[PDB]
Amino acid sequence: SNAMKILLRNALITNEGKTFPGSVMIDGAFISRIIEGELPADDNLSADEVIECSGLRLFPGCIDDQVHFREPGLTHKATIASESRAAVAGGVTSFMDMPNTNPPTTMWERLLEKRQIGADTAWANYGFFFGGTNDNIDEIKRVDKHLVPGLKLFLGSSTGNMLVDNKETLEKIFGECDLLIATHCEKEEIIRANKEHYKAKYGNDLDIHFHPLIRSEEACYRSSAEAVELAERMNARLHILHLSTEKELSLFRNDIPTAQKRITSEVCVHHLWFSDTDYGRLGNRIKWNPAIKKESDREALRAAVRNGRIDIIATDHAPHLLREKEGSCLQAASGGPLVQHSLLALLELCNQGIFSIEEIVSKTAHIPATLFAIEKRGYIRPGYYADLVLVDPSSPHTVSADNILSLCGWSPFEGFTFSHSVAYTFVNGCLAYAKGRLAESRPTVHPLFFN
């Protein structure tokens, strides 16, 4: 735990739509003061410790609503320890891990178990979505809603147990369960029709370029449209994950603020960064579900971040070993790591005018905290937890085998040089990462607290 008063002195702060020179005083685990302007040379406000931040940008730490840290049961790929270290190195100070582990997080015992793993091993603050299945409605009703961000349903991509296809079950969940429902929307019936066409016409060895043709725009839109109708029918709280298409944007609104919406959306950095033009170069290293699709889709998603149709930005960090990423679009695993570099990638798009720094902070910190009703995080406000990231906009960072932290040991950004680097990351006032190196000691971490 931190017990010291630590002054982050003369940073360029971005918070709540404003960017301004200022200093932030940390007192133990909390932000105690924000001091606008440039403190004169001699003035350290009686801090116990000072970090000189001139030239650095200071943001609230990113809060990521969708990661897959592969624990329990898939730990050859990753662990909560390994990936939360990668997260802090990327300026992500809170994460929400998904229930598709082995065993899946579909009963209360499993959720409590993951919370203990977090307490014992995470380097960032932690939360865990509860999983819905065709068979666990009774478990869902007994979920303490303070202890999870919501319920995750896989309406596609998943198989058997984790695939919620039972229509009576979906109606029952939406109509009976009082929590936020996050959905993965791809219509498997459409994907299968497309798979049949492409296999019949082009054969069994279909490469990556068939991936967005099989897991098509219409397969995403049809699933999302059906989820939206069901949520409207029940006045349910629905949060559609990882939007990948322009077409889906018509299902969302930007006439009201996120806090008022019953139906919200998330986009992930890879869908904001990559397009299908990148398949030639990167191949399976950018194979994801939902698939990376057209340049025009990427353009529409960027616009929707700016206009508000997309509520938040996340990663869908989902490591696999490279031996699992091998083969055809039918054999290779979908998913890859992103959390160590996603903030740098967003900041690179800000250098290009695609987003403002203010929007990126809103979408990665402010709005995730608002949307999931997370207590005392996501904002640089007095009394909030000191989850903070300092970035250096004039110190490039090149991604290499040597500096990748994810256990899987590769990155879709391998070889890329970002203009920005992460200079420092604080988690609950504990310095967790500084100048390319994880701290000697794990920071104090907490479960995220919801409502």
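For every residue, the number given is its place in the sequence shown, counted from 1.
- Higher mean CA temperature factor between 327 to 335 and 251 to 259: 327 to 335, per the PDB entry.
- In this entry, 431 to 439 shows the higher mean Cα temperature factor of the pair 431 to 439 and 18 to 26.
- Which of 408, 388, 47, 67 has the largest Cα B-factor in the deposited entry comes down to 47.
- When the Cα B-factors of 272, 81, 162, 349 are read from the PDB record, 162 comes out highest.
- Ranked by Cα temperature factor within the chain, residue 58 sits in the lowest third according to the deposited record.
- For residue 393, the recorded CA temperature factor ranks within the middle third of the chain's modelled residues.
- When the CA B factors of the chain's modelled residues are split into thirds, the value for residue 132 lands in the middle one.
- In the PDB entry, a CA B factor belonging to the highest third of its chain's modelled residues is recorded for residue 189.
- Among all modelled residues in its chain, residue 219 ranks in the lowest third by Cα B-factor.
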